[PDB]
Amino acid sequence: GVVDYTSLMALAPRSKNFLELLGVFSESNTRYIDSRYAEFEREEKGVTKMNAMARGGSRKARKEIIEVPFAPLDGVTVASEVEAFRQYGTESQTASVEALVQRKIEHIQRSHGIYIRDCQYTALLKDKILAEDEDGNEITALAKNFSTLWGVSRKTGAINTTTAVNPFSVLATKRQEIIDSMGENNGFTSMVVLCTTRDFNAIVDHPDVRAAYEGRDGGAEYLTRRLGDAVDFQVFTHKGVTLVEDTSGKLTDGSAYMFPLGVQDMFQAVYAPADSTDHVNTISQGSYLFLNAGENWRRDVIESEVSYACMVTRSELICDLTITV
Amino acid sequence: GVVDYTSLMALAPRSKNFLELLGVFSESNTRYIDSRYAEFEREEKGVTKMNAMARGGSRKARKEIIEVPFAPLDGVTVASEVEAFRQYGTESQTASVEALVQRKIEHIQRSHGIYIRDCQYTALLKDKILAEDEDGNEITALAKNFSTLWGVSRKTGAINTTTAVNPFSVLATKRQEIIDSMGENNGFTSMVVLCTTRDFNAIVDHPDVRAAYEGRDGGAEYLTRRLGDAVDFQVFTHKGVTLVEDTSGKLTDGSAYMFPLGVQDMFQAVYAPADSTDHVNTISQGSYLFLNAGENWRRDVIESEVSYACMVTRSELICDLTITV
Amino acid sequence: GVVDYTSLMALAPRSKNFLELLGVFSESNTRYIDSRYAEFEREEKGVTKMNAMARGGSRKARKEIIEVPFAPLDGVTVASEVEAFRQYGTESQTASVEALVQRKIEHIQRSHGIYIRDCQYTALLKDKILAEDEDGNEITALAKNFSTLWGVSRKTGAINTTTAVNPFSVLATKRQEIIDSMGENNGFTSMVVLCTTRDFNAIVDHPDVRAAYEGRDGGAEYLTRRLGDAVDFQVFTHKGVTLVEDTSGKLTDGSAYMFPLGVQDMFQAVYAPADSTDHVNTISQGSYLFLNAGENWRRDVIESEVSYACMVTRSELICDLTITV
Amino acid sequence: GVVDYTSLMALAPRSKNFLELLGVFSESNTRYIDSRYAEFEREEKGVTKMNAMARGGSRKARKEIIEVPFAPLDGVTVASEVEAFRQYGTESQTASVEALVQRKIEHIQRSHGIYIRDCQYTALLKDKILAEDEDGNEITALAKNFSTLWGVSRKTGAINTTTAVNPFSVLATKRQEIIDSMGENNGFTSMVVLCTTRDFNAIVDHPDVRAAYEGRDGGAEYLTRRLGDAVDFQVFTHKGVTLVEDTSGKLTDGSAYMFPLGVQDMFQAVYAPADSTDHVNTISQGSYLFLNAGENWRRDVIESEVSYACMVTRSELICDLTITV
Amino acid sequence: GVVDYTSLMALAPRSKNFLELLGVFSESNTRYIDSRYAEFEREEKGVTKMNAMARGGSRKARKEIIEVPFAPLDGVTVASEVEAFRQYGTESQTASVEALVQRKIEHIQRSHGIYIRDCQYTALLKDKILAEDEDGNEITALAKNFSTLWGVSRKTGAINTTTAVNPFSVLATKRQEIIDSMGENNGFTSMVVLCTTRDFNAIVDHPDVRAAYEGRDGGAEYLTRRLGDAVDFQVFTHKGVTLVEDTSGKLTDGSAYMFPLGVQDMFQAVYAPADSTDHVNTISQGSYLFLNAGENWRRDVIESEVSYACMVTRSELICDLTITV
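Protein chains in written order, with the authors' numbering: chain X, 8 to 66, 73 to 338; chain C, 8 to 66, 73 to 338; chain A, 8 to 66, 73 to 338; chain H, 8 to 66, 73 to 338; chain E, 8 to 66, 73 to 338.
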């Protein structure tokens with residue numbers, strides 16, 4: 008005796024974390040599937056068009078299958094007043110049958126968005142799929158490192174800005190290495206450096222560049238700043254690279270990362286379907302919601318789960334930079 | 008012989024005071040209830056999701078009940094020309110049956126907004142619920158200090174910017190204390206310092222920071238300034254904290270407060286229902302309005318009341334800073 | 008044989024002079040009445056709400078009546094081609110029956126707006142109602158000084174910026190005097206100084222403040238500048254007061270005025286009805302328009318009139334400052 | 008056998024040249040007439056309203078008639094595929110019956126806009142109506158100088174910025190002369206100086222003002238710049254006058270003009286009707302278009318013409334300034 | 008047994024590369040035709056209007078025909094789940110029948126946009142039509158140089174900014190040469206210099222102009238920057254010319270180009286129809302899409318092709334500048 012209420016999940020769309028705002032994981036490179044196994048094709052080849060004749064026809074991608082981790086947050090009790098989920102029809106919406114549903118959906122979306130932000134930051138920073146048990150111990154049968162998955166390796170770096178010299182030389186060399194790795198595409202938009210607030214301050218005021226960054230600060234001139242105005246982050250552009258001060262808190266100090274934006278199919282995502290006998294071999298809606306009124310004779314629960322995974326197919330283009338303060 | 012006209016309250020929505028613009032008390036963390044007693048749950052725990060299996064289930074909040082203070086401003090006399098509250102139907106709206114109603118509603122909303130701003134500023138500054146009699150004497154049976162309510166304590170500070178040194182060190186230490194208090198969440202957006210105009214000027218031009226704040230003033234670069242453009246306040250960002258010059262007038266001189274923005278469920282609010290035999294155990298519309306035409310044989314009155322309360326559940330994260338000029 | 012065409016007055020709304028843009032006289036504090044006598048209530052008291060009980064009830074304004082000056086500009090002749098005022102119906106609008114009406118209405122609105130701007134500037138500057146005969150001689154039976162009307166007095170000042178010292182000290186003292194006059198309200202938004210271009214230049218570049226105003230000019234940072242972008246005025250903020258360079262031309266040189274913005278009911282206005290046997294004891298539409306086709310056998314006229322008045326109820330808060338160059 | 012297609016002219020409205028963007032010749036002071044002779048009334052008098060009584064009534074413009082020059086650009090051949098001007102009905106619009114019509118209309122509008130910009134620049138600069146034959150020789154029977162038309166004279170000037178001193182003194186004196194000429198109106202908005210790029214550079218960097226214009230350049234602070242953002246011109250404000258660098262190309266070097274903006278009825282325009290037996294004593298649509306399919310047995314032509322004229326009624330307020338580099 | 012699905016191409020419009028954003032190749036100067044041969048008319052003459060009489064009538074363009082290169086990217090296999098191209102009707106859209114189609118269309122549009130950007134950059138930089146075989150060898154029977162096509166020649170330049178002097182003198186001389194080439198039109202908007210990032214940095218910080226470009230950087234003041242805010246490029250204006258730092262990657266280092274914007278008919282484009290027996294002598298939709306379900310008994314393919322060409326009719330106005338670092 009379970010009734011589905013997944014459609015109401017759209018009544019309050021999630022927010023957009025800093026990575027989503029930067030466009031690293033957007034709604035474009037994210038597809039909904041109908042199986043627990045998700046296909047990701049890392050197409051690194053040429054699809055160039057060329058001139059042909061009026062007749063004569065004329066016109073090999075490594076893809077991998079993984080298991081999408083399951084994460085239910087079904088912990089929820091219906092208060093028998095929040096049983097106003099019998100919406101639409103004729104309803105009594107006003108505020109009584111609208112605001113309660115909106116608040117419940119907003120709470121669920123906040124929890125799901127926190128989980129998804131954790132997944133995305135794990136994919137970008139640790140270069141692996143997030144999958145952990147209740148105790149906080151990684152499930153090695155689901156946490157698959159991308160480098161060891163695609164048969165590829167990632168770049169590194171080592172900079173200490175306290176002593177002397179301009180650190181941006183290493184960043185430029187990494188830029189040349191990355192663009193050589195892209196080769197026949199070279200389709201990056203900008204070079205961003207996700208750095209902590211302390212690292213940003215340390216690298217922004219050292220005497221080699223302490224004048225240009227402070228005296229000649231081009232406020233509201235950077236493309237990211239103009240495209241932002243929804244977050245209070247601080248940016249600085251120099252030597253063809255941009256320093257971005259992440260303020261989410263998940264960026265551990267002493268570890269800044271530099272990577273390009275705009276490379277197609279570099280970052281992907283998926284929304285596997287929910288575990289059920291009715292939702293098997295059926296397309297997924299992303300975040301689910303079921304109202305169970307037969308699990309317990311005393312209270313009815315609101316079961317909610319989300320299946321989601323991320324990877325960096327072109328993981329070779331990420332510079333796992335290390336800073337020292 | 009009383010007819011209700013609460014629905015017309017929406018014809019002129021209230022303004023948004025500085026606290027509402029900053030997002031401290033917004034329409035999100037504010038719910039309408041159907042009883043004089045309001046429930047507030049200070050959930051400070053972990054609701055993290057984790058990986059599970061295809062089967063096996065897998066998935073303690075202190076809440077307190079208070080009395081919502083009642084505040085009627087029913088003082089109002091119908092002029093027998095402002096008896097045009099027989100709107101809609103066919104009406105004669107034009108200006109005669111529209112502008113009078115709009116002006117009356119705007120006046121009532123202005124009074125209610127002043128009262129609500131007083132409530133919110135009392136909750137933030139004095140860390141207690143505002144409840145006073147006609148003489149201006151606190152009703153101790155309703156004014157419940159939040160610290161002594163949740164079994165929690167608040168932080169303090171002591172800075173004199175007239176002599177020397179950079180005051181922001183104390184602010185940074187308080188920031189670390191607050192983020193340690195949040196612990197496993199650390200989900201603050203920015204560190205704002207509600208300071209008076211005199212305190213702002215004193216702390217902005219002392220010679221330790223007199224150059225950066227004046228010469229290197231990043232006008233229209235702060236997130237608050239970009240998100241504002243509806244108030245003429247002045248802001249300054251330094252050392253990872255923002256100085257905000259409140260211009261509402263309710264911020265007494267010599268007492269600036271520093272607190273974080275964005276912490277979920279830290280600030281809440283409620284709208285208890287109106288005292289009546291028809292509005293008991295019925296959801297509330299916020300601000301009410303009744304037209305009484307039998308109270309006095311001579312004149313008819315316009316009774317209006319609003320029930321409203323605020324608290325700071327995570328009161329431990331507020332730094333009750335003290336400044337000296 | 009007269010047909011009314013007052014409704015077409017809305018086809019081209021008036022502009023907004025500098026005072027209207029600043030919000031001194033807006034559409035909020037302006038009401039339409041149905042008599043030649045207008046009521047203005049200077050409520051300077053407390054309407055504060057307070058806590059009460061579930062039962063027990065719980066909950073003197075000087076208002077004055079004046080005569081609204083009448084001002085007809087009925088001088089107008091119908092060209093017998095501008096007799097296309099038989100609009101709507103089926104019409105022939107295209108451009109023939111639309112642009113002629115629009116141009117006539119725009120001309121009438123321009124004249125009325127000039128008159129109304131004169132009324133508003135007289136109310137603010139000379140602190141009296143504008144009422145003059147054809148020769149330009151004041152009608153003392155209608156020109157009622159606000160100070161001698163409300164039983165109140167206004168403030169003054171005296172500053173010469175040519176010699177030395179910072180003039181803003183006098184402005185600050187006047188600010189304290191005004192806020193003391195408001196007392197239990199203190200609800201001003203900003204301190205604006207309506208000053209002429211010559212006075213603005215004289216007070217902006219004297220050596221005491223010649224550096225901050227020029228070198229440290231916070232362009233596009235003032236609230237008025239951000240809220241403007243529809244006028245080319247120049248502003249400067251210092252010592253908690255703003256210097257505004259009026260460019261309307263009605264501000265005589267050597268006389269700058271400082272007054273607060275946002276004080277409720279300080280500035281009011283009214284639109285008395287037109288003088289007629291059909292428009293007596295009838296609500297007013299503001300600006301009227303009648304087509305008279307029986308006044309003269311040769312030509313038909315377009316009679317237009319507007320009744321309008323302004324006052325400063327809280328006149329005690331205006332600083333009639335005097336400058337010397 | 009001619010069918011009219013004037014209505015399709017609105018499918019692609021013209022652009023707005025620099026003069027139109029500045030508001031010198033806008034859609035407000037431009038009326039459509041029904042005769043080859045156009046009436047322009049230079050009303051320089053007082054229409055001020057004044058107080059009157061409840062009864063007693065209470066309440073000479075030089076206008077000139079000119080011939081509107083005719084300018085046909087009927088040179089056009091229908092390709093028998095651009096015979097898709099049988100639009101609407103049921104059509105086949107898609108792209109075939111839409112884009113061809115749009116391109117033809119855009120071409121015609123571009124030619125007409127070039128002609129109209131020439132007319133407007135001739136009216137402003139040479140202070141005469143543009144009317145020339147095919148050879149480029151002025152038709153003295155239509156080119157009527159405005160000064161010799163209204164019985165008025167225009168101002169002049171003489172400045173050489175290469176040597177020394179501040180040129181703006183002459184501009185200020187001309188400003189006082191102009192405002193004295195306006196007298197009882199004085200309703201100008203700003204003092205603009207249409208100057209060439211070379212003249213702008215010469216007058217902007219001479220050592221008397223080389224510091225303020227370069228070091229203290231108030232970028233995006235001028236009213237014109239904020240109201241622009243559709244043209245890449247450069248502006249500078251000083252001494253109550255604005256220097257505007259025209260980039261249209263029709264401003265000959267060594268001749269900059271200073272004139273006020275906002276003066277009512279100073280600049281006017283007209284759209285006389287097309288020369289035909291069906292369009293005589295009929296209101297005009299501005300730019301016409303006729304499809305003639307009987308003029309030539311071989312090809313059908315697309316006849317298009319526009320009648321248009323401009324004048325400066327208050328020509329006495331224009332300073333025909335002369336610069337020397 | 009082939010069904011056409013060209014209409015769905017509009018479900019996801021292409022992006023706009025840097026050249027399209029600058030307006031070099033926009034949707035205005037781009038027409039859809041119905042033959043493999045495209046007509047381009049380089050009209051460099053006078054179409055000026057002039058005054059005429061009420062009667063008397065009053066009122073030679075080199076055009077060339079080329080073959081539009083054909084470029085199919087028909088390489089595509091239907092997954093038998095992406096056979097949801099039976100959209101509309103009643104459908105099951107939700108996400109299943111919407112997102113798959115949207116993703117396929119977005120992929121096809123991305124490939125086509127890359128091809129079209131290559132065509133446009135070849136037309137602008139190499140001044141020839143792009144046409145190459147699979148091996149990447151130019152088809153000389155389709156690659157027609159514009160100079161040798163129109164009987165015209167292009168300009169050149171030679172600047173080395175490393176040594177001394179101001180390079181902008183050569184740019185100014187080229188500007189005068191170009192405007193002399195335009196002659197009786199002179200209708201350019203701005204002088205842009207498409208330069209690489211390295212060339213931009215080299216030419217922006219050399220000591221002759223190292224101060225104005227850095228100290229006096231007019232951020233957000235250039236017209237291109239205001240009209241942009243969709244790309245993170247950097248611009249600088251000096252001596253009446255603008256330096257633009259292209260970041261697309263197709264601009265080879267050591268070769269910057271200066272050319273004017275706004276010249277009518279200088280840049281054109283075309284969309285020839287698809288090669289088929291049903292799409293011959295039929296207007297073109299730009300990018301096509303056909304679903305072939307009889308080509309192979311095993312899998313069905315998604316055939317897609319685009320015919321497209323560009324030229325610079327007024328090629329004489331482009332300065333093929335050469336830089337040296």
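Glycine is no exception: its CB is placed at the ideal position from the N, C-alpha and C atoms.
Give me the chain C residues within the contact set of residue i, using Cβ-Cβ distance strictly less than 7 Å, ordered along the chain.
{"i": "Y301 of chain A", "result": "Simply none; closest approach about 14 Å."}
{"i": "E145 of chain X", "result": "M57 and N58"}
Just to confirm my understanding: we take residue i, look at its own chain, exclude 5 residues before and 5 after, and list those with CB closer than 7 Å. What are they?
{"i": "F98 of chain A", "result": "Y12, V114 and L304"}
{"i": "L264 of chain E", "result": "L207 and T209"}
Using 8 Å as the limit for Cβ to Cβ distance, is residue i near chain H?
{"i": "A84 of chain A", "result": "yes"}
{"i": "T202 of chain E", "result": "yes"}
{"i": "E318 of chain E", "result": "no"}
{"i": "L155 of chain A", "result": "yes"}
Who are the neighbours of residue i on chain A, taking C-beta pairs under 7 Å?
{"i": "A322 of chain C", "result": "Those within 7 Å of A322 of chain C in chain A number zero; the least Cβ separation is about 11 Å."}
Cβ atoms of residue j and residue i: under 8 Å apart, would you say?
{"i": "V254 of chain C", "j": "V248 of chain C", "result": "no"}
{"i": "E77 of chain E", "j": "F47 of chain E", "result": "yes"}
{"i": "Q133 of chain E", "j": "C323 of chain E", "result": "yes"}
{"i": "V283 of chain E", "j": "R38 of chain E", "result": "yes"}
{"i": "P85 of chain H", "j": "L155 of chain H", "result": "no"}
Contact criterion: CB-CB distance below 8 Å. Does residue i meet it with respect to chain A?
{"i": "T326 of chain H", "result": "no"}
Is there a C-beta anywhere in chain X that falls below 8 Å from the one on residue i?
{"i": "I296 of chain C", "result": "yes"}
{"i": "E234 of chain C", "result": "yes"}
Below 9 Å on C-beta distance, what does residue i contact in chain A?
{"i": "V54 of chain H", "result": "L86, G88, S124 and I127"}
Which residues in chain E have a C-beta closer than 8 Å to the C-beta of residue i? List them in chain order.
{"i": "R239 of chain X", "result": "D242"}
Checking contacts by CB at 8 Å: is residue i closer than that to chain B?
{"i": "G253 of chain A", "result": "This model lacks chain B altogether, as its protein chains are X, C, A, H and E."}
By Cβ distance below 8 Å, which residues in the same chain neighbour residue i in space, the five residues on each side in sequence not counted?
{"i": "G200 of chain C", "result": "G275, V276 and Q277"}
{"i": "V293 of chain H", "result": "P286"}
Going by beta carbon distance, what residues of the same chain come within less than 6 Å of residue i, once the five residues before and after it are set aside?
{"i": "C332 of chain A", "result": "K168, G170, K187 and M271"}
Strictly below 7 Å CB to CB, what residues from chain H border residue i?
{"i": "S65 of chain E", "result": "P85"}
How about residue i: is its C-beta nearer than 8 Å to some C-beta of chain E?
{"i": "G231 of chain X", "result": "yes"}
What residues from chain X crowd round residue i, counting only those whose CB sits closer than 7 Å?
{"i": "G267 of chain E", "result": "Under the 7 Å cutoff, chain X gives no residues; its nearest Cβ is about 17 Å from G267 of chain E."}
Using Cβ-Cβ distances below 8 Å, what residues of the region 17-33 of chain E are close to chain H? none
Short-range partners of chain X found in the region 97-121 of chain E, where Cβ spacing is below 9 Å: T107, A108, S109, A112, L113, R116 and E119
Could you name the residues of the region 203-223 of chain H whose beta carbon sits closer than 7 Å to any beta carbon of chain E, in the order they occur along the chain? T210
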